[PDB]
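Peer 1: Please find data.cif (mmCIF, C-alpha atoms and all ligand atoms) on the next line:
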data_start
loop_
_atom_site.label_atom_id
_atom_site.label_comp_id
_atom_site.auth_asym_id
_atom_site.auth_seq_id
_atom_site.Cartn_x
_atom_site.Cartn_y
_atom_site.Cartn_z
CA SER A 2 19.05 -44.35 -81.48
CA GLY A 3 16.33 -41.89 -82.60
CA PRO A 4 16.48 -39.14 -85.23
CA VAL A 5 18.69 -36.07 -84.84
CA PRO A 6 16.77 -32.94 -83.68
CA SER A 7 16.39 -29.89 -85.88
CA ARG A 8 15.34 -26.29 -85.45
CA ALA A 9 14.49 -23.62 -87.98
CA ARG A 10 17.40 -21.48 -89.07
CA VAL A 11 15.24 -18.33 -89.30
CA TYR A 12 12.37 -16.99 -87.17
CA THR A 13 13.15 -19.73 -84.66
CA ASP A 14 11.75 -18.17 -81.50
CA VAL A 15 9.16 -15.71 -82.85
CA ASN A 16 6.38 -17.36 -80.90
CA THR A 17 8.52 -17.93 -77.81
CA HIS A 18 8.82 -14.22 -77.38
CA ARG A 19 5.23 -13.22 -78.14
CA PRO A 20 2.51 -12.86 -75.52
CA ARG A 21 0.96 -16.26 -74.87
CA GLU A 22 -2.33 -15.16 -76.47
CA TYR A 23 -0.59 -14.68 -79.83
CA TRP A 24 -0.11 -18.44 -80.29
CA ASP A 25 -2.41 -19.94 -77.59
CA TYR A 26 -5.30 -20.13 -80.00
CA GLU A 27 -7.52 -22.29 -77.80
CA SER A 28 -7.81 -19.28 -75.45
CA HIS A 29 -8.90 -16.90 -78.24
CA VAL A 30 -12.33 -15.29 -77.80
CA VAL A 31 -13.90 -14.93 -81.23
CA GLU A 32 -15.49 -11.58 -82.14
CA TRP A 33 -18.50 -12.50 -84.30
CA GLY A 34 -19.90 -10.32 -87.09
CA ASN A 35 -23.45 -10.41 -88.36
CA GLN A 36 -24.52 -13.40 -90.40
CA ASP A 37 -27.35 -11.44 -92.02
CA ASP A 38 -24.85 -9.18 -93.76
CA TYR A 39 -24.10 -12.04 -96.22
CA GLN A 40 -26.16 -13.83 -98.85
CA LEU A 41 -24.95 -17.05 -100.52
CA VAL A 42 -25.06 -16.92 -104.34
CA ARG A 43 -23.37 -20.05 -105.72
CA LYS A 44 -21.29 -23.00 -104.50
CA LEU A 45 -17.62 -22.95 -105.59
CA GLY A 46 -15.61 -26.00 -106.49
CA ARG A 47 -13.25 -26.72 -103.62
CA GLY A 48 -13.35 -30.51 -103.45
CA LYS A 49 -15.92 -33.15 -102.58
CA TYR A 50 -16.47 -32.26 -98.92
CA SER A 51 -15.98 -28.47 -99.06
CA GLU A 52 -18.68 -25.90 -98.39
CA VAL A 53 -17.26 -22.76 -100.02
CA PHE A 54 -19.59 -20.23 -101.66
CA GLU A 55 -19.53 -17.10 -103.70
CA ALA A 56 -21.59 -14.62 -101.69
CA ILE A 57 -22.56 -10.95 -101.48
CA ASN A 58 -22.18 -8.48 -98.63
CA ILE A 59 -25.63 -6.92 -98.84
CA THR A 60 -24.54 -3.76 -96.97
CA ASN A 61 -22.23 -2.69 -99.78
CA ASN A 62 -22.92 -5.14 -102.65
CA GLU A 63 -19.30 -6.34 -102.64
CA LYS A 64 -18.61 -9.95 -103.59
CA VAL A 65 -17.12 -12.15 -100.84
CA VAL A 66 -16.45 -15.85 -100.38
CA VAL A 67 -17.92 -17.78 -97.44
CA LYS A 68 -16.44 -21.01 -96.07
CA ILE A 69 -18.86 -22.86 -93.76
CA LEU A 70 -17.04 -24.90 -91.11
CA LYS A 71 -18.05 -28.09 -89.30
CA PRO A 72 -18.44 -27.17 -85.59
CA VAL A 73 -17.16 -30.56 -84.34
CA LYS A 74 -13.51 -29.52 -84.72
CA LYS A 75 -13.56 -26.71 -82.18
CA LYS A 76 -9.78 -26.49 -81.62
CA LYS A 77 -9.02 -26.60 -85.34
CA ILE A 78 -11.52 -23.82 -86.05
CA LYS A 79 -9.94 -21.56 -83.43
CA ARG A 80 -6.45 -22.26 -84.83
CA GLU A 81 -7.43 -21.22 -88.38
CA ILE A 82 -9.20 -18.11 -87.08
CA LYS A 83 -6.29 -17.05 -84.91
CA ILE A 84 -3.77 -17.56 -87.71
CA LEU A 85 -5.93 -15.58 -90.17
CA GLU A 86 -6.33 -12.75 -87.69
CA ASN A 87 -2.61 -12.70 -86.85
CA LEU A 88 -1.67 -12.44 -90.53
CA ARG A 89 -4.44 -10.08 -91.71
CA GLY A 90 -3.09 -7.16 -93.73
CA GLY A 91 0.15 -9.00 -94.55
CA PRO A 92 1.35 -8.96 -98.16
CA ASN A 93 -0.58 -11.30 -100.43
CA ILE A 94 -2.35 -13.05 -97.48
CA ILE A 95 -6.08 -13.56 -98.10
CA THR A 96 -8.10 -11.10 -96.02
CA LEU A 97 -10.51 -12.55 -93.45
CA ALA A 98 -13.30 -9.98 -93.81
CA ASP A 99 -15.60 -11.47 -91.17
CA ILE A 100 -16.47 -14.46 -88.97
CA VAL A 101 -20.18 -15.21 -88.57
CA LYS A 102 -22.48 -17.92 -87.30
CA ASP A 103 -26.08 -19.00 -87.48
CA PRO A 104 -27.50 -17.32 -84.33
CA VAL A 105 -29.63 -20.39 -83.43
CA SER A 106 -27.62 -23.38 -84.61
CA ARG A 107 -24.23 -21.74 -83.98
CA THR A 108 -22.82 -23.19 -87.23
CA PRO A 109 -19.78 -20.88 -87.90
CA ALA A 110 -18.42 -19.54 -91.20
CA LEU A 111 -15.41 -17.59 -92.43
CA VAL A 112 -15.89 -14.67 -94.85
CA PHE A 113 -13.05 -13.82 -97.23
CA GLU A 114 -12.35 -11.00 -99.65
CA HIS A 115 -13.13 -11.83 -103.25
CA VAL A 116 -10.37 -12.38 -105.83
CA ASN A 117 -11.38 -12.72 -109.48
CA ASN A 118 -9.47 -15.98 -109.89
CA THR A 119 -8.57 -17.72 -113.14
CA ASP A 120 -8.37 -21.50 -112.61
CA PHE A 121 -4.67 -22.38 -112.56
CA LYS A 122 -5.16 -25.26 -115.02
CA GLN A 123 -6.12 -22.61 -117.59
CA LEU A 124 -3.96 -19.76 -116.33
CA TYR A 125 -0.60 -21.53 -116.14
CA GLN A 126 -0.79 -22.43 -119.85
CA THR A 127 -0.78 -18.71 -120.70
CA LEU A 128 1.78 -17.24 -118.32
CA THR A 129 4.91 -15.59 -119.70
CA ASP A 130 8.41 -15.91 -118.24
CA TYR A 131 7.93 -12.51 -116.59
CA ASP A 132 4.53 -13.50 -115.19
CA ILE A 133 6.01 -16.57 -113.48
CA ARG A 134 8.77 -14.47 -111.92
CA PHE A 135 6.24 -11.87 -110.79
CA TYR A 136 3.80 -14.28 -109.18
CA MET A 137 6.57 -16.36 -107.57
CA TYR A 138 7.78 -13.12 -105.97
CA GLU A 139 4.27 -12.40 -104.72
CA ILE A 140 4.04 -15.87 -103.12
CA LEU A 141 7.44 -15.36 -101.51
CA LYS A 142 6.22 -12.11 -99.93
CA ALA A 143 3.35 -14.05 -98.33
CA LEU A 144 5.60 -16.87 -97.10
CA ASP A 145 8.30 -14.57 -95.73
CA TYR A 146 5.56 -12.70 -93.93
CA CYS A 147 3.80 -15.66 -92.38
CA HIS A 148 7.12 -17.36 -91.45
CA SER A 149 8.24 -14.08 -89.83
CA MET A 150 5.01 -14.19 -87.88
CA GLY A 151 5.74 -17.70 -86.63
CA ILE A 152 3.38 -19.60 -88.95
CA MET A 153 3.93 -22.52 -91.33
CA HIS A 154 1.30 -22.69 -94.12
CA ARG A 155 1.78 -26.47 -94.75
CA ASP A 156 -0.46 -26.65 -97.82
CA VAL A 157 1.23 -24.56 -100.52
CA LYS A 158 -0.02 -25.67 -103.98
CA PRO A 159 -1.64 -24.00 -107.01
CA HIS A 160 -5.16 -24.66 -105.79
CA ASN A 161 -4.36 -22.47 -102.72
CA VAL A 162 -3.11 -19.48 -104.74
CA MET A 163 -5.83 -17.15 -106.04
CA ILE A 164 -4.72 -14.97 -108.99
CA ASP A 165 -6.74 -12.11 -110.47
CA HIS A 166 -4.50 -11.97 -113.52
CA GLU A 167 -5.70 -8.74 -115.10
CA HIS A 168 -5.02 -6.88 -111.82
CA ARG A 169 -1.78 -8.86 -111.18
CA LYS A 170 -3.33 -9.60 -107.79
CA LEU A 171 -2.34 -12.76 -105.87
CA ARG A 172 -3.55 -14.15 -102.50
CA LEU A 173 -2.43 -17.23 -100.57
CA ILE A 174 -5.55 -18.99 -99.24
CA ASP A 175 -6.66 -22.02 -97.12
CA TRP A 176 -4.83 -21.70 -93.83
CA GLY A 177 -6.70 -24.70 -92.42
CA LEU A 178 -3.52 -26.80 -92.14
CA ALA A 179 -1.33 -23.91 -90.96
CA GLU A 180 0.36 -24.16 -87.56
CA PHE A 181 2.51 -22.14 -85.19
CA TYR A 182 6.23 -23.00 -85.20
CA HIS A 183 7.75 -23.86 -81.80
CA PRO A 184 11.34 -25.14 -81.81
CA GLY A 185 11.67 -28.84 -81.03
CA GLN A 186 8.02 -29.62 -81.57
CA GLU A 187 7.28 -32.93 -83.34
CA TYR A 188 4.56 -32.11 -85.88
CA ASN A 189 2.05 -34.22 -87.80
CA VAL A 190 3.52 -35.26 -91.13
CA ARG A 191 0.05 -35.83 -92.63
CA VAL A 192 -0.08 -32.33 -94.05
CA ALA A 193 0.23 -30.71 -97.50
CA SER A 194 -1.05 -32.45 -100.61
CA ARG A 195 0.84 -35.50 -102.00
CA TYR A 196 2.59 -33.83 -104.93
CA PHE A 197 3.84 -30.93 -102.77
CA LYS A 198 4.95 -32.95 -99.70
CA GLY A 199 8.55 -32.38 -98.76
CA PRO A 200 10.91 -35.30 -98.24
CA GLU A 201 10.72 -34.77 -94.47
CA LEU A 202 7.02 -35.67 -94.58
CA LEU A 203 7.59 -38.71 -96.81
CA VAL A 204 10.27 -40.20 -94.52
CA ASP A 205 8.36 -39.31 -91.28
CA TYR A 206 10.77 -36.66 -89.96
CA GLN A 207 8.47 -34.78 -87.55
CA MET A 208 10.74 -31.93 -86.36
CA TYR A 209 10.24 -29.82 -89.50
CA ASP A 210 9.80 -26.06 -89.89
CA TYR A 211 8.94 -23.21 -92.29
CA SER A 212 11.29 -24.76 -94.88
CA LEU A 213 8.60 -27.32 -95.67
CA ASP A 214 6.75 -24.51 -97.48
CA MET A 215 9.85 -23.77 -99.57
CA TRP A 216 9.90 -27.33 -100.92
CA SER A 217 6.22 -26.97 -101.93
CA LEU A 218 7.04 -23.65 -103.60
CA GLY A 219 9.87 -25.32 -105.54
CA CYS A 220 7.39 -27.95 -106.75
CA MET A 221 5.14 -25.18 -108.05
CA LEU A 222 8.03 -23.38 -109.74
CA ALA A 223 9.11 -26.56 -111.51
CA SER A 224 5.56 -27.20 -112.74
CA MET A 225 5.33 -23.65 -114.08
CA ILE A 226 8.63 -23.29 -115.91
CA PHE A 227 8.55 -26.85 -117.32
CA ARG A 228 4.77 -26.93 -118.07
CA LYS A 229 4.47 -30.21 -116.16
CA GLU A 230 1.74 -30.05 -113.53
CA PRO A 231 2.31 -31.55 -111.07
CA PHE A 232 6.01 -31.93 -111.48
CA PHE A 233 6.51 -34.89 -109.09
CA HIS A 234 3.51 -37.20 -109.72
CA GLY A 235 3.61 -40.17 -107.35
CA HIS A 236 0.68 -42.57 -107.02
CA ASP A 237 1.07 -42.73 -103.21
CA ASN A 238 3.44 -41.24 -100.62
CA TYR A 239 6.10 -43.92 -101.07
CA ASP A 240 6.06 -43.57 -104.85
CA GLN A 241 6.10 -39.77 -104.36
CA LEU A 242 9.57 -40.11 -102.83
CA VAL A 243 10.64 -42.38 -105.69
CA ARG A 244 9.55 -39.71 -108.14
CA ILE A 245 11.66 -37.14 -106.35
CA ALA A 246 14.63 -39.51 -106.22
CA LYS A 247 14.50 -40.13 -109.97
CA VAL A 248 15.20 -36.40 -110.43
CA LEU A 249 17.33 -35.40 -107.39
CA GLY A 250 19.10 -38.74 -107.28
CA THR A 251 19.30 -41.36 -104.55
CA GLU A 252 22.75 -40.44 -103.18
CA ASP A 253 21.68 -37.07 -101.75
CA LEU A 254 18.55 -38.76 -100.42
CA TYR A 255 20.49 -41.38 -98.52
CA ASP A 256 22.88 -38.64 -97.35
CA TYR A 257 19.88 -36.78 -95.85
CA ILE A 258 18.55 -39.89 -94.16
CA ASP A 259 21.99 -40.55 -92.70
CA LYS A 260 22.50 -36.97 -91.53
CA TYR A 261 19.32 -36.96 -89.44
CA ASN A 262 19.53 -40.65 -88.39
CA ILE A 263 16.15 -41.34 -89.95
CA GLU A 264 14.93 -44.94 -89.93
CA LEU A 265 13.65 -45.53 -93.45
CA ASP A 266 10.70 -47.86 -93.78
CA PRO A 267 12.41 -51.01 -95.13
CA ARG A 268 10.26 -51.47 -98.24
CA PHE A 269 11.64 -48.11 -99.36
CA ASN A 270 15.10 -49.29 -100.22
CA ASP A 271 13.64 -51.78 -102.69
CA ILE A 272 11.52 -49.25 -104.55
CA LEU A 273 13.97 -46.34 -104.36
CA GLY A 274 16.61 -48.19 -106.36
CA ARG A 275 19.64 -46.27 -107.53
CA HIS A 276 19.24 -43.08 -109.60
CA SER A 277 21.67 -40.41 -110.63
CA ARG A 278 20.80 -36.76 -110.16
CA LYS A 279 19.31 -35.40 -113.37
CA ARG A 280 20.54 -32.07 -114.65
CA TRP A 281 17.61 -29.65 -114.55
CA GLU A 282 18.36 -28.82 -118.18
CA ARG A 283 17.08 -32.32 -119.04
CA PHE A 284 13.46 -31.22 -118.53
CA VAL A 285 13.63 -28.40 -121.05
CA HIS A 286 11.82 -29.16 -124.32
CA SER A 287 10.13 -27.34 -127.18
CA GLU A 288 6.97 -26.29 -125.34
CA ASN A 289 8.58 -24.81 -122.18
CA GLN A 290 11.92 -23.40 -123.44
CA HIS A 291 10.77 -19.76 -123.33
CA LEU A 292 10.09 -20.06 -119.55
CA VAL A 293 13.49 -21.48 -118.62
CA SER A 294 16.70 -19.50 -118.02
CA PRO A 295 19.97 -20.21 -116.18
CA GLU A 296 18.64 -18.05 -113.33
CA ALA A 297 15.41 -20.05 -113.09
CA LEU A 298 17.29 -23.34 -112.96
CA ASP A 299 19.77 -22.07 -110.34
CA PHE A 300 16.87 -20.84 -108.22
CA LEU A 301 14.87 -24.07 -108.54
CA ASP A 302 17.96 -26.09 -107.64
CA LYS A 303 18.25 -24.09 -104.39
CA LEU A 304 14.64 -24.76 -103.34
CA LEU A 305 14.40 -28.48 -104.19
CA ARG A 306 16.95 -29.87 -101.76
CA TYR A 307 16.36 -32.92 -99.60
CA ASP A 308 17.91 -31.33 -96.51
CA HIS A 309 15.35 -28.84 -95.25
CA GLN A 310 18.09 -26.76 -93.63
CA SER A 311 19.81 -26.25 -97.00
CA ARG A 312 16.80 -24.81 -98.84
CA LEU A 313 16.64 -21.07 -99.42
CA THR A 314 14.56 -19.11 -96.94
CA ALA A 315 11.81 -16.98 -98.47
CA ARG A 316 13.88 -13.82 -97.93
CA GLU A 317 17.01 -15.38 -99.44
CA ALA A 318 14.88 -16.49 -102.40
CA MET A 319 13.61 -12.90 -102.92
CA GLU A 320 17.23 -11.80 -103.38
CA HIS A 321 17.95 -14.30 -106.18
CA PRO A 322 18.81 -12.77 -109.58
CA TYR A 323 15.80 -14.58 -111.11
CA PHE A 324 13.77 -11.72 -109.64
CA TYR A 325 16.00 -8.80 -110.66
CA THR A 326 13.54 -7.42 -113.21
CA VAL A 327 10.57 -7.92 -110.90
CA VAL A 328 12.29 -6.07 -108.05
CA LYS A 329 13.00 -3.03 -110.22
CA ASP A 330 9.34 -3.00 -111.32
CA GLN A 331 8.16 -2.74 -107.69
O1 LIG B 401 -10.32 -21.87 -97.46
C1 LIG B 401 -9.98 -20.68 -97.65
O2 LIG B 401 -9.14 -20.05 -96.90
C2 LIG B 401 -10.47 -19.98 -98.86
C3 LIG B 401 -10.25 -18.64 -98.98
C4 LIG B 401 -10.66 -17.98 -100.10
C5 LIG B 401 -11.27 -18.69 -101.13
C6 LIG B 401 -11.66 -17.99 -102.36
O3 LIG B 401 -11.88 -18.82 -103.40
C7 LIG B 401 -12.24 -18.34 -104.60
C8 LIG B 401 -12.46 -19.26 -105.63
CL1 LIG B 401 -12.22 -20.89 -105.24
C9 LIG B 401 -12.85 -18.89 -106.89
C10 LIG B 401 -13.02 -17.57 -107.13
CL2 LIG B 401 -13.45 -17.02 -108.69
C11 LIG B 401 -12.82 -16.62 -106.14
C12 LIG B 401 -12.40 -17.05 -104.85
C13 LIG B 401 -12.18 -16.11 -103.77
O4 LIG B 401 -12.36 -14.78 -103.95
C14 LIG B 401 -11.78 -16.62 -102.51
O5 LIG B 401 -11.61 -15.69 -101.50
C15 LIG B 401 -11.50 -20.05 -101.02
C16 LIG B 401 -11.11 -20.72 -99.88
CL CL B 402 0.81 -30.80 -86.37
CL CL B 403 11.48 -18.37 -94.62
#
What is this structure when it is put down as structure tokens?

Peer 2:
Amino acid sequence: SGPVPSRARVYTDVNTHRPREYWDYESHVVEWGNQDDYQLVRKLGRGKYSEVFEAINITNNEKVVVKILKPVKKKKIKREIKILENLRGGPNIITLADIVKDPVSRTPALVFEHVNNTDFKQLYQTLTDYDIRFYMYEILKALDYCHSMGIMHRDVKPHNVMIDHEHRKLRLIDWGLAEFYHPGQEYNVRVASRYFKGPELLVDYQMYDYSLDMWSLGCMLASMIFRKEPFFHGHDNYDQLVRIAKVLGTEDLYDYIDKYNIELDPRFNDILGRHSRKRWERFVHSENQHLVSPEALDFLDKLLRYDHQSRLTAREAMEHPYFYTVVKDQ
């Protein structure tokens, strides 16, 4: 018959037990700040269609970033706003400083705190072993928090992690694909970015949960400790799953498909072939060896699992010995 149902193994009913207005974002009444408090300074690079700007709050001369939204997507705008408000003040979550609009045209915009980011393409080349452990821990604080608040981020990738490296200051940004978790809901699998899509998205398993974000995090960890960005580089979504299978092996993939009674698109079996699981040690070479340890490999192995229920939760990840020296520091 159809696929086996699944529910999250942590934070399952957080939204069930909240007041409706916590998660019923279409009902939210937006409290608007004053557009004339902000002046746009320079456009930032956020992709071809983005409208994201460095700006200044002219009442205090603090730098901010403004994201101008397209008003056509009313329900999606309210969802992002409600999620940002629900999570504001949480650890390592970007702060929504304001929400403003043109008073006449009503074009709305989100105003974020400024982080003095170093582009990850440059930054990740310079990070030490300790730095990777530290910033992974910071991202885990943000994911445990938002998952505990009933929210899946669904677009975890380096481009959505702002790092002010000299202040060791990290923020998880771009909550525009984030969604409230409700057990049994069949979600859109056209989320995340190709290289960070979990197997559930690539095989069209819609009843996914917070654990999708842990697969994306494991992709980032692998790219950082092995200096291979992105780590799984498919040319489309089908080839993306082949790239994962050439590392994790095809047997555990077919085991996952069988466990959830997933109907695999039939061209897949041709291109997936037959691949053994590769020992993680195989990806260590001369330029990344100083970033790899037995603890890092054990931790990565526990995030990058086909079965979403078998991946570490963010809190379980924070307990892993990979972070022992970070935890003492904090
Ligand atoms: O879509 C969003 O949620 C969102 C949120 C924040 C930012 C954001 O981007 C920055 C970029 Cl790209 C460069 C630099 Cl140097 C600083 C920032 C920054 O301070 C900042 O807040 C972008 C998009
Ligand atoms: Cl969805
Ligand atoms: Cl979690």

Peer 1: Return the single residue from A:303, A:102, A:160, A:10 that is closest to ligand CL 403 (chain B), with distances computed using all atoms listed in the file.

Peer 2: A:10

Peer 1: Which protein, DNA or RNA residues have an atom within 8 Å of ligand LIG 401 (chain B), counting all atoms listed in the file, as a PDB file with C-alpha atoms, in the frame of the given file?

Peer 2:
ATOM      1  CA  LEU A  45     -17.620 -22.950-105.590  1.00  0.00           C
ATOM      2  CA  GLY A  46     -15.610 -26.000-106.490  1.00  0.00           C
ATOM      3  CA  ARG A  47     -13.250 -26.720-103.620  1.00  0.00           C
ATOM      4  CA  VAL A  53     -17.260 -22.760-100.020  1.00  0.00           C
ATOM      5  CA  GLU A  55     -19.530 -17.100-103.700  1.00  0.00           C
ATOM      6  CA  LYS A  64     -18.610  -9.950-103.590  1.00  0.00           C
ATOM      7  CA  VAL A  65     -17.120 -12.150-100.840  1.00  0.00           C
ATOM      8  CA  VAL A  66     -16.450 -15.850-100.380  1.00  0.00           C
ATOM      9  CA  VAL A  67     -17.920 -17.780 -97.440  1.00  0.00           C
ATOM     10  CA  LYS A  68     -16.440 -21.010 -96.070  1.00  0.00           C
ATOM     11  CA  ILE A  95      -6.080 -13.560 -98.100  1.00  0.00           C
ATOM     12  CA  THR A  96      -8.100 -11.100 -96.020  1.00  0.00           C
ATOM     13  CA  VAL A 112     -15.890 -14.670 -94.850  1.00  0.00           C
ATOM     14  CA  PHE A 113     -13.050 -13.820 -97.230  1.00  0.00           C
ATOM     15  CA  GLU A 114     -12.350 -11.000 -99.650  1.00  0.00           C
ATOM     16  CA  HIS A 115     -13.130 -11.830-103.250  1.00  0.00           C
ATOM     17  CA  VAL A 116     -10.370 -12.380-105.830  1.00  0.00           C
ATOM     18  CA  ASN A 117     -11.380 -12.720-109.480  1.00  0.00           C
ATOM     19  CA  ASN A 118      -9.470 -15.980-109.890  1.00  0.00           C
ATOM     20  CA  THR A 119      -8.570 -17.720-113.140  1.00  0.00           C
ATOM     21  CA  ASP A 120      -8.370 -21.500-112.610  1.00  0.00           C
ATOM     22  CA  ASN A 161      -4.360 -22.470-102.720  1.00  0.00           C
ATOM     23  CA  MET A 163      -5.830 -17.150-106.040  1.00  0.00           C
ATOM     24  CA  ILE A 174      -5.550 -18.990 -99.240  1.00  0.00           C
ATOM     25  CA  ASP A 175      -6.660 -22.020 -97.120  1.00  0.00           C
ATOM     26  CA  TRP A 176      -4.830 -21.700 -93.830  1.00  0.00           C
ATOM     27  CA  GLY A 177      -6.700 -24.700 -92.420  1.00  0.00           C
TER      28      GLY A 177
END

Peer 1: Any idea what the distance is between CA of residue 181 (chain A) and CA of residue 91 (chain A)?

Peer 2: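 CA of residue 91 (chain A) lies at a distance of 16.3 Å from CA of residue 181 (chain A).
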
Peer 1: Excluding residue 297 (chain A) and residues on its chain fewer than 2 positions from it, collect all residues at most 12 Å away from it, counting only C-alpha atoms, and give them as a ChimeraX atom specification.

Peer 2: /A:130-131,133-134,137,219,222-223,225-227,281-282,285,290-295,299-304,318,321-325

Peer 1: Find the residue from A:273, A:69, A:313, A:88 that sits nearest to residue 150 (chain A); use all atoms listed in the file when measuring.

Peer 2: A:88

Peer 1: Please give me, as a VMD selection string, the residues lying within 12 Å of ligand CL 402 (chain B) when counting all atoms listed in the file.

Peer 2: chain A and resid 77 80 152 to 155 177 to 183 186 to 193 202 207 to 210

Peer 1: Select, from A:305, A:82, A:328, A:215, the residue with the minimum atom-to-atom distance to ligand CL 403 (chain B), counting all atoms listed in the file.

Peer 2: A:215

Peer 1: Using all atoms listed in the file, what are the residues with an atom within 8 Å of ligand CL 403 (chain B), set out as a list in words?

Peer 2: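 If we count all atoms listed in the file, the neighbours of ligand CL 403 (chain B) turn out to be residues 11, 12, 144, 145, 148, 149, 211, 212, 215, 313, 314, 315, 316 and 317 of chain A.
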
Peer 1: Between CA of residue 218 (chain A) and CA of residue 277 (chain A), what is the spacing in Å?

Peer 2: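 Going from CA of residue 277 (chain A) over to CA of residue 218 (chain A) covers 23.3 Å.
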
Peer 1: With a distance cut-off of 8 Å and only C-alpha atoms, select the neighbouring residues of residue 279 (chain A), excluding the residue or stretch itself and same-chain residues fewer than 2 positions from it, and output the selection as a PyMOL selection string.

Peer 2: chain A and resi 247-250+277+281+283

Peer 1: As an exercise, work out the distance from CA of residue 289 (chain A) to CA of residue 169 (chain A) in Å and give it to one decimal place.

Peer 2: 22.0 Å

Peer 1: Using all atoms listed in the file, can you tell me which of A:86, A:81, A:52, A:252 comes closest to residue 27 (chain A)?

Peer 2: A:81

Peer 1: So, counting all atoms listed in the file, which residue among A:98, A:73, A:9, A:221 is closest to residue 140 (chain A)?

Peer 2: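 Closest residue, counting all atoms listed in the file: A:221.
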